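Spelled out, the chains give:
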Amino acid sequence: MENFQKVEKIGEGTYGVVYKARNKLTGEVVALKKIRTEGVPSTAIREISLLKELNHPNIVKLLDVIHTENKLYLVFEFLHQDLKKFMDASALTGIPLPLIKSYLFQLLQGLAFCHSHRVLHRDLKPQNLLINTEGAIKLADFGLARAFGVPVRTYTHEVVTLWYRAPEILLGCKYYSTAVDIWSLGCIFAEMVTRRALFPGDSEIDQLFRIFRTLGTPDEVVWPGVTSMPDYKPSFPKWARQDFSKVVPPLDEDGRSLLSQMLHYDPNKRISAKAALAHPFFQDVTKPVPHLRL
Ligand SMILES: Nc1nc(N)nc(-c2cc(O)ccc2O)n1
């Protein structure tokens, strides 16, 4: 692109590298993502284009889609910091509960909007949740996984995180439901509260086994159909479920209650974003302003 001027590289997504750029025209500063391949799929540039209409205050706005020279550039609004960075910065002290509750509340509104438009994220994680000084938090990279498909690593040599991957995906399901996003968000919710990733797997089986060790190895009782899943093995060790009081202390009972419904094994039983918004946990929700040092 000749219009912009790569101010800085603000990260390396799984679908390409993201740059902060100043538009020599509008002068506006935006986030410029260079996607990945012999010319980029055509069904892809059509799916992505549809997301320009998926506008919501809790969804990073996709300003433009430019397919040129068999290269794909996505232009997004720019936010100054991602949640992973804010958590690392807040670890010594921990993000205050009121601000954790506000972010979760906003993320669920974002998901509710996307899910109502039959759009799933599929790859939610702290690194693509963006915050601003006004206390807002927004979902980035929505719909990208759909158009494309998470490969071995990423666009290039660099491991993709599995820490937030729903169990049905790890067990080989072919069709993903909106429930996969709820699972990811529950994982992020727990990480904000405890200041440590909930299920930091370093391999697919390790990821699954970390989930089993904490929530109990799933069976036909809690998850009808699970033993019929593609990657399910009768040889999986049988671990007992641990109490949530031990999983996310010292989170209160409303919080633990909501988290438990967000981490139900059966995707059909997992709480929807719409319903999570009505949970007693958000009875006293407010919108605190974060402390960002840009
Ligand atoms: N890691 C990181 N940091 C910052 N500050 N921003 C972004 C960002 C990522 C996107 O995909 C879109 C817009 C953005 O502002 N990503």
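Residues numbered from 1 in each chain as written, not as in the entry; some residues may be left out. Heavy atoms only, no water.

Per the PDB entry, the protein chain goes by Cyclin-dependent kinase 2 and derives from Homo sapiens. Looking at the header, the entry is titled "CDK2 in complex with inhibitor JWS-6-52".

Focus: the sheet that holds strand β8 (residues 137–139)
The strands making up a sheet are joined through hydrogen bonds of the backbone, oriented either antiparallel or parallel. Pairing is antiparallel in the open sheet, where three strands are placed in the order β6-β7-β8. Across the chains shown, the open sheet's two edge strands, defined by having one partner strand only, are β6 (81–82) and β8. As defined by bridge partners, strand β7 (residues 129–131) adjoins β8 across three bridges and the pair is classed as antiparallel. By the bridge assignment, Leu 130 is partnered in β8 with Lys 138. (Pairing = 2+ DSSP bridges. Helix = DSSP H or I, 4+ residues; strand = E, 2+ residues; numbered from the N terminus.)

Re the pairing of strand β5 (residues 71–77)
Taking burial as the measure, the seven residues of β5 include five buried ones, the bulk of the element. Where strand β3 (residues 29–35) lies against β5, six bridges are found, and the strand directions are antiparallel. Looking at β5, one finds that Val 30 is bridged to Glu 77. Sheet analysis places strand β4 (residues 62–68) next to β5, joined by six bridges and oriented antiparallel. Residue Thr 68 lies in a different strand from β5, and its bridge partner there is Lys 71. (Buried < 20%, exposed > 50% of the residue type's maximum accessible area, 1.4 Å probe, protein only.)

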